[PDB]
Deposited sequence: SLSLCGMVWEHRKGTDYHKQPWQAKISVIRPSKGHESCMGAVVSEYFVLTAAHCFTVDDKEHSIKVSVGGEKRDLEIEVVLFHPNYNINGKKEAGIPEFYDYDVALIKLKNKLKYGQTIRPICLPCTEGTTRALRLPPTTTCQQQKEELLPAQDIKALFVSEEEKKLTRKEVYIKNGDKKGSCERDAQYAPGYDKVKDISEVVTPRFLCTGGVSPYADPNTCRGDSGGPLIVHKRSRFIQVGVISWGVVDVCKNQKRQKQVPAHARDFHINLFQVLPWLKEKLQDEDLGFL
């Protein structure tokens, strides 16, 4: 497929966006986002589901449609466990916070429903107009160089999408961005912050080099996207933030230099993506 290409407003501009609603909602468990990655699969965050009967715990829609898609199986990353660091006084642990929604029915791609490119695929090689000798490490050097990286995510409200520009701190601001996990309630006592911020995470947010918009809980599972030569490449999955600016803008205005968002780096979950998606004709390297 020609991934990460516009085929207009809202889903005409971001046709890989998926909207997830929690069926039995509660405070902190209302909504998520995801990304169409193939005709049968939506990529999202594991923490969007109930661990029991995952398949009946959400509805998912694409293309800004009213209709819900039939969910056949939900596949959690096997390393994911929100309770895995409770003994270290870490109440919620978001390492490997990624899940695949396997749809019963094949999606029909159109103007409002298209797949996004994934890292280390032939789709991304072609989208970035790279040669057939291209390796996964070269794609990583192209997409996540050691610098502040221009990127974007999308928030949804009543079928309307808002694209937000953010910068991934992957250069000399990386350590500062990661250490700011201590501003997140519940992570403020851990002595070694690399216990919460593992190598699975990319870090956005803050006011340098630009005033990054922050994520909210309902953005969980949405794609973190790099825009290159009119193509959109997913590099991350929104996992967790220091401050939910939908609920607590007050707190972000108190600590704006430290208001970071954390995303699962898809380059760090490739063996799982490659295995689960091996029959989807995406041509993993």
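Peer 1: Pop the missing stretches of the deposited sequence into a list, counting residues from 1 and keeping sequence order.
Peer 2: Missing CA coords at 1 to 2, 10 to 13.
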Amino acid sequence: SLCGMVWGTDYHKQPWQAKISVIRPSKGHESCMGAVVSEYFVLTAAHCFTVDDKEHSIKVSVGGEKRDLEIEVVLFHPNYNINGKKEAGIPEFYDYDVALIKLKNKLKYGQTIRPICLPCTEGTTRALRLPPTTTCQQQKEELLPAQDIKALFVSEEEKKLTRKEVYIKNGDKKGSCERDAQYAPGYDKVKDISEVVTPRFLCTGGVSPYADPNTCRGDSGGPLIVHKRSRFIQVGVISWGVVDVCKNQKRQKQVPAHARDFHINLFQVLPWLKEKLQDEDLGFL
From here on, numbers count along this sequence of modelled residues.
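Take the two forms, find the largest set of C-alpha atoms that superpose within 1.5 Å, and that set is the rigid core.
Peer 1: What stretch shows more C-alpha movement in 6 other deposited structures of this protein relative to this form, 28 to 36 or 216 to 224, after the core is superposed?
Peer 2: Stretch with the higher C-alpha RMS distance in 6 other deposited structures of this protein: 28 to 36.
Peer 1: Once the rigid core is matched, which of the two stretches, 100 to 108 or 152 to 160, lies farther off on average in 6 other deposited structures of this protein by C-alpha?
Peer 2: Once the core is superposed, the stretch further away in 6 other deposited structures of this protein is 152 to 160.
Peer 1: Are coordinates for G4 absent in a third or more of the other compared PDB entries?
Peer 2: Comparison shows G4 kept in all of the other entries.
Peer 1: Answer yes if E70 is missing coordinates in at least a third of the other compared entries, and no if every one of them models it.
Peer 2: Residue status for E70: no gap in any other entry.
Peer 1: Can you tell me which stretch has the higher mean Cα B-factor, 224 to 232 or 256 to 264?
Peer 2: So the stretch with the higher mean C-alpha B-factor is 224 to 232.
Peer 1: Comparing average C-alpha B factors as deposited, tell me which of 233 to 241 and 48 to 56 sits higher.
Peer 2: Between 233 to 241 and 48 to 56, it is 48 to 56.
Peer 1: If I read the C-alpha B-factors straight from the PDB entry, which of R200, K159, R179, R114 is highest?
Peer 2: Highest C-alpha B-factor among the listed options: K159.
Peer 1: In terms of the CA temperature factor given in the entry, to which third of its chain does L103 belong: lowest, middle or highest?
Peer 2: Within its chain, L103 is a lowest-third residue by C-alpha B-factor, going by the deposited values.
Peer 1: What third of the chain, by the recorded C-alpha B-factor, contains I193?
Peer 2: It belongs to the highest third of the chain when residues are ordered by C-alpha B-factor.
Peer 1: Lowest, middle or highest third: which one holds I71 when the chain's residues are ordered by CA B-factor from the entry?
Peer 2: Bottom third by C-alpha B-factor.
Peer 1: What third of its chain's C-alpha B-factors does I20 belong to: lowest, middle or highest?
Peer 2: Answer is lowest: the recorded C-alpha B-factor places it there.
Peer 1: Among the modelled residues of this chain, does the Cα B factor of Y80 put it in the lowest, middle or highest third?
Peer 2: Lowest third.
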